[PDB]
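Encoded as structure tokens, the structure appears first; notes follow it.
Next comes the structure, spelled out in structure tokens:
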């Protein structure tokens with residue numbers, strides 16, 4: 009844990025009233041596969057905030073992958089106010105015990121979805 013980072017650019021399509029979380033890449037998180045690599049997968053959902061578990065495409069034998077991967081957040085900015093953005097780097101290792109790699113906790117009230125949210129966001133240690 010203390011995962012490294014995942015830089016993103018999250019945008020709003022407001023006339024479907026949904027947020028968009030198009031990250032970039034996560035970099036150099038611990039390997040859960042038999043090749044000193046991982047098969048990254050990002051869990052992205054909220055509570056009654058929008059409990060929509062979306063999923064990154066699995067990046068085989070690399071935990072430092074760059075997708076620019078859209079986390080579909082079907083909640084308006086006005087609706088953001090209550091909402092809690094949790095994001096979870098999870099390794100789908102298809103065989104062994106799946107280790108949760110990392111996570112980040114992102115409260116809506118701190119995230120400005122006026123236009124495009126571009127900042128380099130770090131994967132913090134998850135203990136799940």
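In the working numbering, the protein residues as written are 9 to 136. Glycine included, each C-beta is placed from N, C-alpha and C at the ideal position.
Spatial neighbours of residue i within its chain, please: CB distance less than 6 Å, with the 5 preceding and 5 following residues excluded, ordered by chain position.
i	result
residue 85	121
residue 77	31, 64
residue 15	32, 128
Since residue i is in the beta strand (DSSP E), which residue starts that stretch and which ends it?
i	result
residue 104	Element bounds for residue 104: n/a, residue is neither H nor E.
residue 34	26–34
Using three-state DSSP, classify residue i as helix, strand or coil.
i	result
residue 11	coil
residue 37	coil
residue 148	As displayed, the chain neither begins before 9 nor continues past 136, which places residue 148 out of reach and without an answer.
Near residue i, which residues of its chain fall below 8 Å by C-beta distance, leaving aside the five closest residues on each side in sequence?
i	result
residue 106	40, 98, 99, 100
residue 59	53
residue 26	20, 80, 81, 82, 83, 84
residue 74	32, 33
For residue i, verify whether its CB is less than 8 Å away from any heavy atom of the ligand FMN.
i	result
residue 64	As presented, the structure is devoid of all ligands, the ligand FMN included, so that no description of it is given.
Between residue i and the rest of its own chain, which residues show a CB-CB distance below 7 Å, the 5 nearest in sequence each way excluded?
i	result
residue 103	none
residue 117	89
What ranges does the alpha helix (DSSP H) occupy inside the segment 39–127, keeping only unbroken runs of at least 4 residues that lie completely in it? 85–88
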